[PDB]
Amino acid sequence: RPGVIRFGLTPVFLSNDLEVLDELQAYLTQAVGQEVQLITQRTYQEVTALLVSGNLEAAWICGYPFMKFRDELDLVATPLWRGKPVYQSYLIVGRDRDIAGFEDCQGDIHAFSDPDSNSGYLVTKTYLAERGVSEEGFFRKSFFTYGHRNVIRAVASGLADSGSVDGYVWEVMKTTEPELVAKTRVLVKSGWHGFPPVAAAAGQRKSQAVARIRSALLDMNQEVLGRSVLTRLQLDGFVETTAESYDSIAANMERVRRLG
């Protein structure tokens, strides 16, 4: 009862599903006792600012923002998806597009998710950097959709010739929106990276709320609601991890910088 908790969301899952946004708020307030409010922004960077500055108690964010601000944030918990707390980046093209590999997308109009996304930018940036080109040199046009669901839409609709997307989001939409997703196919799958975690500011790690929150996430599979929420997100639940999960990502950040 003491007040109001601010919990941040990013489109690292289907945050358009208002139904889930509801159940989720429900499970959290019960588990935490106080009223929890879910926050969203237009971009990742915006959420990341609010989180670093402690304006949000915690937030569900991509692995890339977490490592970029590694020092100013700590892990709370990481989703489990199909057994393991990991995911891939999918480079997607049109279903009927006849092409072999990445190199054939030269000259595409390309949809990225967010300049701060691992699966929606960084991974593909790496593929470019290893070939000594940038997006402006390799693609005839590129743009940010500010969300993974949106990348898939862009490709499916024909607005983009190819796209870079969170593979979890793609595999979930393959079942919740199968006709859309069926207008795309996966051209390249990355290696496995740490699943987008929940996290909080480091100079407020020793906090009641985080602990209250860290708890809510691990025990989610133990409530009736929390089990409904998980079913919706197609996740097994949340586990504790350390920064070492996210090394694959930091090493890509390093490859991009060193290759530039």
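Counting begins at 1, following the sequence as shown.
Checklist entry - Looking only at CA atoms, which has the higher mean B factor in the entry: 78 to 86 or 164 to 172? => result Comparing 78 to 86 with 164 to 172, the higher mean C-alpha B-factor belongs to 78 to 86.
Item to check | Which of 229 to 237 and 211 to 219 has higher mean CA B factor, as the PDB entry lists it | outcome: According to the entry, 211 to 219 carries the higher average C-alpha B-factor.
Checklist entry - Of 71, 96, 104, 116, which one's C-alpha B factor is largest in the deposited record? => result Among 71, 96, 104, 116, the highest C-alpha B-factor in the entry belongs to 71.
Checklist entry - Once the chain's modelled residues are ordered by C-alpha B factor and cut into thirds, is residue 24 in the lowest, middle or highest one? => result Within its chain, residue 24 is a highest-third residue by C-alpha B-factor, going by the deposited values.
Checklist entry - Is the Cα B-factor recorded for residue 54 in the lowest, middle or highest third of its chain? => result For residue 54, whose C-alpha B-factor we compare with every modelled residue in the chain, the answer is the highest third.
Item to check | Where the record places residue 191 (Cα B-factor, split into thirds across the chain) | outcome: Lowest third.
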